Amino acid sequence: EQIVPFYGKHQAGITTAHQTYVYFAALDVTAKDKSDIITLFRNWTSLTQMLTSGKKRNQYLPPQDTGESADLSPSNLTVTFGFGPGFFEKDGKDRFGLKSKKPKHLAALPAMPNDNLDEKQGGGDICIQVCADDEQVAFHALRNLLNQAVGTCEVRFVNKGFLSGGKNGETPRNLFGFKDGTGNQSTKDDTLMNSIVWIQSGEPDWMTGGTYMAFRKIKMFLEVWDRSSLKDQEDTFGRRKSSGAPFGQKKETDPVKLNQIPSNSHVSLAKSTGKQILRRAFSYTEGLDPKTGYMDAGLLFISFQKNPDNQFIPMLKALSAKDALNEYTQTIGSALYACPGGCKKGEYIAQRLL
């Protein structure tokens, strides 16, 4: 029962229970003909469906499967696809006749204070989010999906993350030791998810049942953070580190009292925007940082909103300019993708290409 359904009204991996491991990849389409892209997505639909279920010769041919996931369980594997702005208009030229179908809010995220964006660390035409409760299962799924795109796409970047939840179900803690996700509404609340995440109208029909996905690769200066006092740490966020409770409250789930937390507190500024998003982030570590000599670690920030201009960008502007966490963080990758709606069993992903 470790299988997450692939076909559905929405794509899996958004309101799906947060897995432990993620591989996050972005592709740039190198094919000139649109029919190559339809071929891509057709084989991706077939492969993803095989990978997300338990579906398991000519010795002179390559094996159709790389093989490292053979004895493993699906471990709640989900794969989520999205389109960046470059898929519809690249350098002003709309190369596949899709400019008339561009999502209404799909564009590069605005530059923000404290940005240190690496251009090849964000963007892309296609993004693939592979989530699973086992890293080998997840890398295996991404590896075999990327192999299908050779000749059609060029891999732009590949990110890799983790986020462990509590043994008794406690909110998972990020690399600063604070629980991450209390502020999210319940993914089992259909009304709120339809109000925060899922699109019903106002978009091209392929976005119905879809959403927007924001990606920010945020470096976390662990060495500076670990020298900061516990009180300094609790004051940057506005919650007690151990319990995850707001200031002046008892438990994690008590409501936030804004007049009880600092003005430049992370939670204060975000909740003060009046907007909500669905945060589904993962932590990352990447060895040492050259010239820095410290652990290169941080957060792969991923959130889903039906209107990023109303829900995400106001929060980004607020946090970018005034935020105690900026003292310990620097965003180095940025991207916004449009996720199509779900895939019915007889169709292929994003079948608006026809």
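Note that residue numbering follows the sequence shown and begins at 1.
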property: Count class of deposited residues lacking coordinates, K56 to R57; result: 4 to 9
property: Higher-scoring stretch by recorded Cα B factor average, 258-266 or 90-98; result: 90-98
property: Higher-scoring stretch by recorded Cα B factor average, 297-305 or 29-37; result: 29-37
property: Third of chain Cα B-factors occupied by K271; result: highest
property: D226 by Cα B-factor - lowest, middle or highest third of the modelled chain; result: middle
property: Chain thirds of CA B-factor: placement of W206; result: highest
property: Entry-reported Cα temperature factor of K345, expressed as the chain third it lands in; result: highest
property: Third of the chain's Cα B-factor distribution that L192 belongs to, per the entry; result: middle
